[PDB]
Amino acid sequence: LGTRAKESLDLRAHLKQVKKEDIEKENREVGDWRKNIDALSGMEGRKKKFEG
Amino acid sequence: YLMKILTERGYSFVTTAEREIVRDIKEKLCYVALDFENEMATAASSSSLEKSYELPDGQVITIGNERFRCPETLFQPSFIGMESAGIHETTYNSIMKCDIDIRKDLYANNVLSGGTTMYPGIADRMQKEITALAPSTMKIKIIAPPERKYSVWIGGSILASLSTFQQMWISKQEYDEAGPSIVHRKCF
Numbered sequence: 160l161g162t163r164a165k166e167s168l169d170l171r172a173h174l175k176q177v178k179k180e181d182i183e184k185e186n187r188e189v190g191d192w193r194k195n196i197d198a199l200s201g202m203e204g205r206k207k208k209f210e211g
Numbered sequence: 190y191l192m193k194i195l196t197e198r199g200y201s202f203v204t205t206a207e208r209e210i211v212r213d214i215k216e217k218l219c220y221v222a223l224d225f226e227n228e229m230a231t232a233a234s235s236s237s238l239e240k241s242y243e244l245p246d247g248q249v250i251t252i253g254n255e256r257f258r259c260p261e262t263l264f265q266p267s268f269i270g271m272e273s274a275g276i277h278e279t280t281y282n283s284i285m286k287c288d289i290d291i292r293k294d295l296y297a298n299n300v301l302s303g304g305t306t307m308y309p310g311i312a313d314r315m316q317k318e319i320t321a322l323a324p325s326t327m328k329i330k331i332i333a334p335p336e337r338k339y340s341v342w343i344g345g346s347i348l349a350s351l352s353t354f355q356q357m358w359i360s361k362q363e364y365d366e367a368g369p370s371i372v373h374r375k376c377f
């Protein structure tokens, strides 16, 4: 009984390792970028050129 | 139409020269009413609207409720017998023919131009009408720059001043090779 139980335990151990430890390879992607504001400072242009 | 409704007070303008005088009256006095029925009721009781104007020879005239009835024809073309709907409803129809995903942007960036859109109080009447027609969630904004009359020409100057546009002209040698029908071709 112990042998059969430990067989399944060891079999699932490696699967759990691969599933979980490999998550630590990267988890910062949740972090978003700046997305800064202007605060009425980027108003320094007239209606001179618009195509470029 | 203004020259035709002025006859209801006694002033008759017939000559093709007097059409210019009626045009001057229209430019200087007429305005678009925010709500038509209320203005018709007010002008028929008080006398706070009657503005006078001096003809090129004297004999001042007094315009009553002809002031906002002349430019009202824009929103009710049935006045001059035209069947179609006003400029407040042909814009909404023009929008609804567009695709379903660009209607919000068109609602938010409605632009006015041309001379006749210079009537005092039209940018509010048109917005009220479209807001009545349009769905309640969309925001309706009407761009009415102060330089409305020359808007087309200013845009023409900007377009002619572009470097990218410099090769779209219909060069004379091209016309010599294909005749006047070149304009419908690639050089639009």
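Taken in order, these protein sequences are the chains called L and F.
Residues in the first sequence are numbered from 160 upward in steps of one, following UniProt numbering.
Residues in the second sequence are numbered from 190 upward in steps of one, following UniProt numbering.
We put the beta carbon where it would ideally sit given N, CA and C, even for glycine.
Is residue 210(L) close to chain F, meaning its C-beta is less than 8 Å from at least one C-beta of that chain?
Within the first sequence, the letter at position 51 stands for residue 210(L). It does; some Cβ of chain F falls within 8 Å.
Buried or exposed: residue 373(F), going by 16 or more other Cβ atoms within 10 Å of its Cβ?
Reading the second sequence from its first residue, position 184 is the one you call residue 373(F). Per the 10 Å Cβ criterion, exposed.
Taking all protein chains shown into account, do 16 or more other C-beta atoms lie within 10 angstroms of the C-beta of residue 287(F), making it buried, or fewer, making it exposed?
If you number the second sequence from 1, residue 287(F) lands on position 98. The residue in question, residue 287(F), is exposed, as its Cβ has fewer than 16 Cβ neighbours within 10 Å.
I'd like to know if residue 351(F) contacts chain L, where contact means its C-beta is closer than 8 Å to some C-beta of that chain.
In the second sequence, residue 351(F) corresponds to position 162, counting from 1. For residue 351(F), the answer is yes, since a Cβ of chain L falls inside 8 Å of its Cβ.
Contact defined as beta carbons within less than 8 Å: I believe residue 347(F) pairs with residue 299(F). What is the distance between those atoms, to the nearest angstrom?
Here residue 347(F) refers to the residue found at position 158 when the second sequence is read from its first residue. Here residue 299(F) refers to the residue found at position 110 when the second sequence is read from its first residue. Their Cβ separation, rounded to whole angstroms, is 21 Å, which puts residue 347(F) and residue 299(F) out of contact at 8 Å.
Curious, which full-length alpha helix (DSSP H) runs of at least 4 residues does the segment 258–322 of chain F contain?
276–285, 292–297 and 311–322, all fully within the segment 258–322 of chain F.
Going straight from the alpha carbon of residue 160(L) to that of residue 173(L), what length do you get?
In the first sequence, residue 160(L) corresponds to position 1, counting from 1. In the first sequence, residue 173(L) corresponds to position 14, counting from 1. Residue 160(L) and residue 173(L): Cα-Cα distance of roughly 21 Å.
Under DSSP, the alpha helix (DSSP H) around residue 243(F) begins and ends at which residues?
Position 54 of the second sequence holds residue 243(F). Looking at the DSSP string, residue 243(F) is not in any alpha helix (DSSP H); the run it does join, the beta strand (DSSP E), is 240–244.
Measure the C-alpha to C-alpha separation of residue 224(F) and residue 190(L) and round it to an integer number of angstroms.
One-based indexing of the second sequence puts residue 224(F) at position 35. One-based indexing of the first sequence puts residue 190(L) at position 31. Distance between the alpha carbons of residue 224(F) and residue 190(L) is about 54 Å.
Measuring from the CB of residue 333(F), is there a heavy atom of the ligand FAD at a distance below 7 Å?
Looking for the ligand FAD in the displayed structure turns up nothing, as the structure carries no ligands at all.
With DSSP as the reference, please indicate the residues paired to residue 343(F) in a beta bridge.
Your numbering for residue 343(F) matches position 154 in the second sequence. Partner(s): none; residue 343(F) has no beta bridge.
From residue 171(L) to residue 186(L), what distance separates their C-alpha atoms?
Taking the first sequence and counting its residues from 1, one reaches residue 171(L) at position 12. Taking the first sequence and counting its residues from 1, one reaches residue 186(L) at position 27. The alpha-carbon atoms of residue 171(L) and residue 186(L) are separated by roughly 24 Å.
Starting from residue 247(F), follow its DSSP beta bridges and name the residues at the other end.
As a working note, residue 247(F) is residue 58 in the second sequence. Note: residue 247(F) sits in a beta bridge opposite 244(F).
In the structure shown, what three-state DSSP assignment does residue 332(F) receive?
Working through the second sequence from its first residue, we reach residue 332(F) at position 143. Residue 332(F): strand per DSSP, three-state reduction.
Could you compute how far the alpha carbon of residue 314(F) sits from the alpha carbon of residue 294(F)?
Taking the second sequence and counting its residues from 1, the one referred to as residue 314(F) is at position 125. Taking the second sequence and counting its residues from 1, the one referred to as residue 294(F) is at position 105. So the two alpha carbons sit approximately 20 Å from each other.
When we look at the beta-carbon of residue 165(L) and count the other beta-carbons within 10 Å, is it buried (16 or more) or exposed?
Working through the first sequence from its first residue, we reach residue 165(L) at position 6. With fewer than 16 other Cβ atoms within 10 Å, it is exposed.
Closer than 8 Å, CB to CB, is residue 249(F) near chain B or not?
Although the question refers to chain B, the structure presented lacks it and instead comprises the protein chains L and F.
What three-state label does DSSP hand residue 252(F) in the structure shown?
Within the second sequence, numbered from 1, the residue matching residue 252(F) stands at position 63. Residue 252(F) falls in the strand class under three-state DSSP.
Starting from residue 197(F), follow the alpha helix (DSSP H) in both directions and report where the run begins and ends.
Taking the first residue of the second sequence as 1, we reach residue 197(F) at position 8. Per DSSP, residue 197(F) belongs to no alpha helix (DSSP H) and is neither H nor E.
Could you check what DSSP says for residue 372(F) in three-state terms: helix, strand or coil?
Translated into positions along the second sequence, residue 372(F) becomes position 183. Coil at residue 372(F), not helix or strand.
Roughly how many angstroms separate the alpha carbons of residue 345(F) and residue 329(F), rounded to a whole number?
On the second sequence, residue 345(F) is found 156 positions in, with the first residue counted as 1. On the second sequence, residue 329(F) is found 140 positions in, with the first residue counted as 1. So the two alpha carbons sit approximately 27 Å from each other.
Pair every Cβ in the segment 192–208 of chain L with every Cβ in the segment 211–228 of chain F, then say whether three or more of these pairs are closer than 8 Å.
The answer is no - the segment 211–228 of chain F does not touch the segment 192–208 of chain L, with fewer than three Cβ pairs under 8 Å.
Is residue 339(F) buried or exposed, if buried means 16 or more other CB atoms sit within 10 Å of its CB?
Walking along the second sequence from the start, residue 339(F) turns up at place 150. Exposed: under 16 other Cβ atoms inside 10 Å.
Ordered along the chain, which non-local residues of its own chain (more than five positions away) have a Cβ less than 8 Å from that of residue 259(F)?
By 1-based counting over the second sequence, the position of residue 259(F) is 70. Cβ neighbours of residue 259(F) beyond the five flanking positions: 190, 191, 194, 215 and 219.
Do you know how far the Cα of residue 263(F) is from the Cα of residue 302(F)?
Here the question's residue 302(F) lines up with position 113 in the second sequence. Here the question's residue 263(F) lines up with position 74 in the second sequence. Their backbone Cα atoms lie some 15 Å apart in a straight line.
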